[PDB]
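Undergrad: First the structure, which I've put down as structure tokens, then a few questions once you've had a look.
Nothing in this text is a laboratory measurement; each read-out follows from the coordinates by a stated rule. Every residue, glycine as well, gets a Cβ built from its backbone with ideal geometry; the counts of neighbours run over all protein chains shown.
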Amino acid sequence: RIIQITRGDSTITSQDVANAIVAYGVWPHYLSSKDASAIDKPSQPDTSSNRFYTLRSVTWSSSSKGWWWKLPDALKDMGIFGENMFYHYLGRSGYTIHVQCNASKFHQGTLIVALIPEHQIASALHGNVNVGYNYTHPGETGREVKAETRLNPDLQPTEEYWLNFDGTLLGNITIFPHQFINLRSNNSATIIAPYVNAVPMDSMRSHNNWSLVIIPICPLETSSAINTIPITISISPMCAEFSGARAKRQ
Amino acid sequence: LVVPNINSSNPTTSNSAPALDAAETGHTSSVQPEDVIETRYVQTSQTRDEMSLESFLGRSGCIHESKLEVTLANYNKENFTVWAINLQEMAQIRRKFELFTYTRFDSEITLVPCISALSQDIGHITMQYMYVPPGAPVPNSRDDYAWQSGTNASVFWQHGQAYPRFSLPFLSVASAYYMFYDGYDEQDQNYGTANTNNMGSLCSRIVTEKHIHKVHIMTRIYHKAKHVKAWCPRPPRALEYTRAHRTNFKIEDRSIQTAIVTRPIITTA
Amino acid sequence: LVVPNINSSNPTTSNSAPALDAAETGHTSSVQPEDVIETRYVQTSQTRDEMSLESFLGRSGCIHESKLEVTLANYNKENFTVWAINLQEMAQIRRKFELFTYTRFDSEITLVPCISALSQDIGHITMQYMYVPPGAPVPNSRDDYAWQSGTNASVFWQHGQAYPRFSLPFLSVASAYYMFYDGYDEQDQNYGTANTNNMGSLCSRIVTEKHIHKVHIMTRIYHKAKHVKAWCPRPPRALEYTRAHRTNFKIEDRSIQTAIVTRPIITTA
Amino acid sequence: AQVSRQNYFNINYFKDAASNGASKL
Amino acid sequence: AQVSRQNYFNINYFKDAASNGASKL
Amino acid sequence: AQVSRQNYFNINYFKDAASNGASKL
Amino acid sequence: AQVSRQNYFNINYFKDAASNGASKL
Amino acid sequence: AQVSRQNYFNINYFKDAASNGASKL
Amino acid sequence: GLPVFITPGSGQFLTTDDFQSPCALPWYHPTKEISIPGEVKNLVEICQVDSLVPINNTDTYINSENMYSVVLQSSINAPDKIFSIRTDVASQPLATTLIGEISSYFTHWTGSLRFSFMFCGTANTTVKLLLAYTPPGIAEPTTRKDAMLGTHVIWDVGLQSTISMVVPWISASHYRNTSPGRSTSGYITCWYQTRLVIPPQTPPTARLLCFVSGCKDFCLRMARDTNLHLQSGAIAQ
Amino acid sequence: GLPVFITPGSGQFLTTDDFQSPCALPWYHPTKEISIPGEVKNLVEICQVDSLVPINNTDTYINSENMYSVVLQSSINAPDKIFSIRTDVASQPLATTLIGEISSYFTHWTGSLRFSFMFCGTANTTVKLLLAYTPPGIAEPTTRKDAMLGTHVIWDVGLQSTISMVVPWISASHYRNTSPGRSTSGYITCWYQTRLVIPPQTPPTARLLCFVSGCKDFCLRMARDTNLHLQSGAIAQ
Amino acid sequence: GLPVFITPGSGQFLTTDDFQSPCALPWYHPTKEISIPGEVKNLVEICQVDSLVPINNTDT
Ligand SMILES: CCCCCCCCCCCC(=O)O
Ligand SMILES: CCCCCCCCCCCC(=O)O
């Protein structure tokens, strides 16, 4: 039940885990010379970039339908990791995602926490439309399912969370690395994920590798006055490597 | 590839409950028949070969239907076709490959050319199919110089000939094909696999010189994957496809319709 | 054929400047990535086979399109074609071989005969293609005695038959073919490869006796080099070709146009 | 060479591996 | 004879070398 | 392999047994 | 097997003897 | 059998010598 | 040349054939393979992963997350039936689960199914349920007595929120069709064994989640096209 | 005869096939080979020879020898940009060089490019230049500061008139297309590091030549027809 | 390729022939055989079983 994960100068503790999941059974590791493409020495900032970064908390209420964040986008503003991300053409990283949500023994609810590779979102409308860059790059704020009028909507992604935002049934989302946070049992979910791509390193600004999706499968219910509780996400890059240094991209 | 045998099982009275677990962990249960019931010893004899990726994806399916309507008026000006190659335009094949995030395989292409007679006779018809990789000049007319095929690969079919067929090796500049791509252009445009999956075009022309018989030639293209590998399984597509390279599913003035069928009451199966 | 590996490299502070040289010498620099930057150790895995001459030139491309328009009026008087063989009439092939000064190889010839129906039916059509080396009598009519082919090589194709194909060994009286020739006649005429490249003719006739169906027969000839060798590389042709056996490039009332594209300002890529 | 089956004869006739038939499991 | 490839079977069927397929590199 | 008959040559060319010819008695 | 002639190659391909070619004298 | 050439494979398939190809020099 | 005899079948195109064919890009060398986590080699690997069964497939909960949970009630003090489903892998509602979807690409199936349930009520809420499997040849049970006469598990929801029950392969034939006609492999029914009890000031209802996956047992054969997906029109480029 | 089964593909003509065919001139003995210097065995040998880049490709210098040199100025006392070019082997102006021309007969490329510069001013003229390579993912630099933040060489033009700089392969994928769309491998820009200084009575400007060739690194694949040459009409006999 | 010579009979369909043909369901594994009493291997086994002769075959 007790976890303690130490990353840089950061340590996470959780007295109520469903022990951690290692996506696809592979622990993150630095890129091997046998798989490498680019020929310059990759810079490895170590503890200055491989540490836990806590994002802006979201509120879980009885009418919440879901949220998603994309990596590495969510960390583009995070200290040394964010800096390296934009000073270099190529980057590569694994992550430890720790989703935290505590309540009480008098609260009930269940979240599905999934990490999806190449989560190519569907657009909201019909016709010849596609999702605009800005909308799949919300930053640490992430995206929350709101079912109610946004803009240049021919550029917006779909809000059909029950179709995994991409035309497949929620429900089968379990085929992806995931954990459930069932309030009567745990107060956190931890997923360790390696780098997954069809190329050894890639552009972090242009390609998001993982999408983190959180969906309340069973609603938050309680008789307590504290009837909304936050969900906080802390993500730690792991084995971050960068290559192709030049000016910082704006 | 063998399925394990069902072993004999007895009545247990114990402190360890194999049936009891926590799915919050994101792990699938390990309970087998012997843990929950007093099981009989059965010697199962099933191979799992047919369920392999090679078997599943290694079947020829249609990926394109190329229609060439021969015009006799501007014989050299037209009478050729161009198609940007992809596996996104026909549902049966597309859905099978999209069960994975990344795939890698060699391709077998079989052509089924059918001449539709619109005149009294069909004469002698010969077709040329040329593979034009990105960057090579694309033909602009039936008599374009590009049809010389000095270095591109062309294949010829004439009425009476068996179905043409040839293999292509894994074509990507990456280590695997992207069945999905959460990314963009270097210009922040074209979200999706349109960026990653540029395999060039398949162009065709009727080679026979001007003649007097109107005909239409429909060449269906079949694709079979060979020596297959795939990574990161995904849930199967639950709705009709609407566009190539996009996961969009919304149709105008039409509600979302999945394959789930409703029932009146959940206490009756 | 393997490309070398990129080795690890470190920060140097030295008296020897590998980056500094003199190109006045006519020698290309020997600087590799490791000499100019702190390089990462990468294990490259590329074969260079496809870049070999055998691979580059060993592809079938069109070198001639022979059109025979069958006349029913003077059936035996005409209905035959003659073509002085050469690789100078179709640009794609010509440019590839002219990347070298001298070439030597065996030739594979594949024929693609197409009958164009100009009547209700095409009946039964049979063609004869005969190779006439320099000096052998050239046919003067469809019924010329030379078609007996007592010793010249002939190949027959009839409607329904697969594409004919045959090989020819390296044909020159010299040790290699001249792709270019800075020389003349024994009479101080005909500057160029017209002197050196006399391979005889390819003649054809419709063999079927007088019949009542008008047809045109277009036979395209494809050539593929085998067991290739080449010497003395040359810059690639930069302009359209205008004549066979001549490097002439001037076209009447038309400016010289290369493939270089201009830009407004050279400080913007 | 010869292979067993779920015995038969089989050899490759082309010089490029992409030409080969289905993979052995 | 048999040759490796970037294993396959190959023999010459004609008496003149010009007839042979592409050269081995 | 070779078999006697009521001698001849015979080998299987396909990977699935259903493809084989009539059974030996 | 191989046979001399008034040398050539010859084997039977069918399972019934009636299928065979002309008899050896 | 196999023969060299100005190496290739060659055997006779018919029982009468008149059927054979060109003579070796 | 070698006298040959052409056999019937020659020249045909059979989409499930397995022959060699010339390569159109001779000498081409493909991109080296790099390590990508998550390789799948056989479809059974997918069939063995749990996925949620849309057990509440009524018009009311249909296009939402509610089709995936059942609500238990503390006001019920009786041996009532909570829900039931046919056991046939490709029948509804199992059809759209991972295992049901893969099964729909095959014609025959065999093996045992593992059904797991997760109780999502408060840590202070309790209940005991009867999960039962009724072998075929009889109508689905309408009373707890008839249900328990079959294969069953009595689940005590206490500190562990999950349980797994196995529906064993009990069939006359070794395999069954994935498309069943007037046929069944049986039913799974859920009943209150005791009652959903709660202390004061606790929500009076609680949800239950149901998952399904196949056991080591599981096997599919005779590949076919799926009936669970359509193409009624062209796909725009 | 031998029972045979005809396979799909039979009878087709694939221009990149590799089969044997009967010789039309049996017994013919070709001319012996003699020694000819300059044999080439592989196209990479050509890609490795330096050729001049038509760096000054403006309408003014276009069909002459001037498109091949850049003029440096002693009147400029500032960190100005002298010229720039995309690094993509088959993009303009690199396209018509030896390596660009051979690359245009292939679809993919990989490897490092060697760029060399030759200073052609007086033996008494001096200058220091900044040659920089900007990896992709960003706009080409407009200031010396932004340029030098990338890969670069500071060239002191003294007694050696030439220098070589290597543009390393820095790409996500192992290969890139020779025909790039909305893509780039980066840029090479040239800047005044100091100033072109001359003694009295010396020409106030000087030219610079730029060459390109591939390193041991370099490789091309997937042969295709070139887009750099045309045939719009018949070639007269 | 290998020079071949097509023989008469080629391409015909003889209903009593015995050739191999490609399998339309590759990799398919059939149901195991179980023991069933009463296997017959040859028709003579049936010819050797007594059966009644309809000796009184008159219209009556
Ligand atoms: C020349 C005939 C067509 C060859 C098609 C094989 C290419 C498959 C590329 C897969 C990428 C995609 O479209 O999602
Ligand atoms: C009989 C079919 C045609 C054979 C063509 C091969 C001859 C190539 C001669 C090359 C000399 C040249 O034209 O520059």
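Undergrad: Could you say which residue among B:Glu252, B:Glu240, B:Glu209 is in a loop (DSSP other than H, G, I, E, B), under 16 Å from the mean Cα position of the chain (by Cα) and not hydrophobic (A, V, I, L, M, F, W, C)?
TA: Answer to the check: B:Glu240.
Undergrad: How many residues are more than 30 Å from A:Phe106 (Cβ to Cβ), part of a loop (DSSP other than H, G, I, E, B) and not aliphatic (A, V, I, L, M) when one looks only at the stretch A:186-210?
TA: 9
Undergrad: Within the set of pairs 6+ apart or on separate chains, which have a first residue in the stretch E:1-12 that is at negative phi and more than 7 Å from every other protein chain (Cβ to nearest Cβ), a second that is surrounded by 13 or more Cβ atoms within 10 Å (Cβ to Cβ) and basic (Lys, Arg), and C-beta atoms under 8 Å apart?
TA: E:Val3/D:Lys15; E:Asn10/D:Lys15
Undergrad: Sticking with this structure for a sec: Out of the stretch B:153-168, which residues are part of a loop (DSSP other than H, G, I, E, B) and in contact with a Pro (Cβ under 7 Å, 6 or more places away or on another chain)?
TA: The answer is B:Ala162, B:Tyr163.
Undergrad: Inspect the stretch B:103-116 for any residue being away from ligand 1 (no atom under 12 Å from the Cβ), crowded, with 22+ Cβ neighbours inside 10 Å and closer than 30 Å to I:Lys216 by Cβ and give the result as yes or no.
TA: So far as the stretch B:103-116 goes, no, none of its residues is away from ligand 1 (no atom under 12 Å from the Cβ), crowded, with 22+ Cβ neighbours inside 10 Å and closer than 30 Å to I:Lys216 by Cβ.
Undergrad: Can you confirm whether B:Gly61 is crowded, with 18+ Cβ neighbours inside 10 Å and within 16 Å of ligand 2 (Cβ to nearest atom)?
TA: In short, no.
Undergrad: Which one is nearest to B:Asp182 (Cα to Cα) among residues in the stretch A:108-148 that are out of contact with any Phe, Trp or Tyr (no Cβ under 8 Å at 6 or more places or on another chain), within 7 Å of another protein chain (Cβ to nearest Cβ) and not in a loop (DSSP other than H, G, I, E, B)?
TA: Only one residue fits best here, namely A:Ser123.
Undergrad: Kindly provide the set of residues from the stretch C:31-80 that are among the charged types (D, E, K, R) and within 14 Å of chain B (Cβ to nearest Cβ), ordered by number.
TA: C:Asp49, C:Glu50, C:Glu54, C:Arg59, C:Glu65, C:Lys67, C:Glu69
Undergrad: Taking into account only those residues within the stretch K:13-60 that are of a type in the set (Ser, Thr, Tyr) and either surrounded by 10 or more Cβ atoms within 10 Å (Cβ to Cβ) or touching a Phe, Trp or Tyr at 6+ places or on another chain (Cβ under 8 Å) (or both), which is farthest from B:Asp49 (Cα to Cα)?
TA: K:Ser21
Undergrad: Of the residues that make up the stretch I:174-182, is at least one out of contact with any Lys or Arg (no Cβ under 9 Å at 6 or more places or on another chain) and either surrounded by 20 or more Cβ atoms within 10 Å (Cβ to Cβ) or among the basic types (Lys, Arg) (or both)?
TA: yes
Undergrad: In the stretch J:54-86, which residues are in a loop (DSSP other than H, G, I, E, B) and of a type in the set (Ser, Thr, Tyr)?
TA: Passing the criteria: J:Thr58, J:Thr60, J:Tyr61, J:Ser64, J:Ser74, J:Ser75.
Undergrad: Assess whether B:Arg243 counts as being within 16 Å of ligand 1 (Cβ to nearest atom) and under 20 Å from A:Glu160 (Cα atoms).
TA: Against the criterion (within 16 Å of ligand 1 (Cβ to nearest atom) and under 20 Å from A:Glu160 (Cα atoms)), B:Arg243 qualifies.
Undergrad: Could you name every one of the strands (runs of 3 or more DSSP E) located completely within the stretch J:143-223 that has at least 2 residues being small (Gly, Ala, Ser)?
TA: J:205-214
Undergrad: On the given criteria, is J:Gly137 within 14 Å of chain B (Cβ to nearest Cβ) and part of a helix (DSSP H, G or I)?
TA: For J:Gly137, the condition - within 14 Å of chain B (Cβ to nearest Cβ) and part of a helix (DSSP H, G or I) - is not met.
Undergrad: Another question, then. Given the conditions (1) of a type in the set (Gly, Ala, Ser); (2) closer than 17 Å to I:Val166 by Cα; (3) touching a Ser or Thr at 6+ places or on another chain (Cβ under 8 Å), and given that I:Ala95 satisfies all but one, which numbered condition is not satisfied?
TA: (2)
Undergrad: Looking only at the stretch B:119-132, count how many residues are within 16 Å of ligand 1 (Cβ to nearest atom) and either in a loop (DSSP other than H, G, I, E, B) or of a type in the set (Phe, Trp, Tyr) (or both).
TA: The number of residues fulfilling the criteria is 2.
Undergrad: Checking the condition within 16 Å of ligand 2 (Cβ to nearest atom) and either over 17 Å from B:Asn76 (Cβ atoms) or assigned to a strand (DSSP E or B) (or both), which residue from B:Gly150, B:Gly192, B:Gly135 passes?
TA: Answer to the check: B:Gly150.
Undergrad: Identify all residues within the stretch C:91-110 that are more than 9 Å from ligand 2 (Cβ to nearest atom), in contact with a strand residue (DSSP E or B) (Cβ under 7 Å, 6 or more places away or on another chain) and within 14 Å of chain B (Cβ to nearest Cβ); write none if there are none.
TA: Passing the criteria: C:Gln92, C:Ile93, C:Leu99, C:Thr110.
Undergrad: Just one of (1) farther than 24 Å from I:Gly121 by Cα; (2) at the interface with another protein chain (Cβ under 7 Å from one of its Cβ atoms) trips up A:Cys218, so point out which.
TA: It fails just one condition, (1).
Undergrad: If I filter the stretch C:162-189 down to residues being more than 11 Å from ligand 2 (Cβ to nearest atom), farther than 30 Å from K:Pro3 by Cβ and among the small types (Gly, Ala, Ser), which single residue comes out as nearest to the other protein chains (Cβ to nearest Cβ)?
TA: C:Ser175
Listed here are the residues, each with its yes/no results for (1) more than 12 Å from ligand 1 (Cβ to nearest atom); (2) buried (at least 24 other Cβ atoms within 10 Å of the Cβ); (3) of a type in the set (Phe, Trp, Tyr).
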| position | (1), (2), (3) |
| --- | --- |
| B:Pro134 | yes, no, no |
| B:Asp143 | yes, no, no |
| B:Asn152 | no, yes, no |
| B:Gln158 | yes, yes, no |
| B:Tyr163 | yes, no, yes |
| B:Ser172 | no, no, no |
| B:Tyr191 | yes, yes, yes |
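Undergrad: A follow-up question, please. Hey, does the stretch B:231-241 have a residue that's among the hydroxyl-bearing types (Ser, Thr, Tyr), within 14 Å of chain A (Cβ to nearest Cβ) and surrounded by 21 or more Cβ atoms within 10 Å (Cβ to Cβ)?
TA: So far as the stretch B:231-241 goes, yes, one or more of its residues are among the hydroxyl-bearing types (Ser, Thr, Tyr), within 14 Å of chain A (Cβ to nearest Cβ) and surrounded by 21 or more Cβ atoms within 10 Å (Cβ to Cβ).
Undergrad: Moving to a separate point now. State whether one or more residues within the stretch A:96-106 are in contact with a strand residue (DSSP E or B) (Cβ under 9 Å, 6 or more places away or on another chain), closer than 30 Å to J:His174 by Cα and of a type in the set (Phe, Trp, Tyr).
TA: The answer is no; no qualifying residue exists.
Undergrad: Would you say J:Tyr68 is under 16 Å from J:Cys190 (Cα atoms), more than 7 Å from every other protein chain (Cβ to nearest Cβ) and surrounded by 14 or more Cβ atoms within 10 Å (Cβ to Cβ)?
TA: Considered against the rule, which asks whether it is under 16 Å from J:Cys190 (Cα atoms), more than 7 Å from every other protein chain (Cβ to nearest Cβ) and surrounded by 14 or more Cβ atoms within 10 Å (Cβ to Cβ), J:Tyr68 comes out as yes.
Undergrad: Just name the residue that is nearest to ligand 1 (Cβ to nearest atom) out of those in the stretch B:201-219 that are at the interface with another protein chain (Cβ under 8 Å from one of its Cβ atoms) and out of contact with any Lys or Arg (no Cβ under 8 Å at 6 or more places or on another chain).
TA: Top of the filtered list is B:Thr208.
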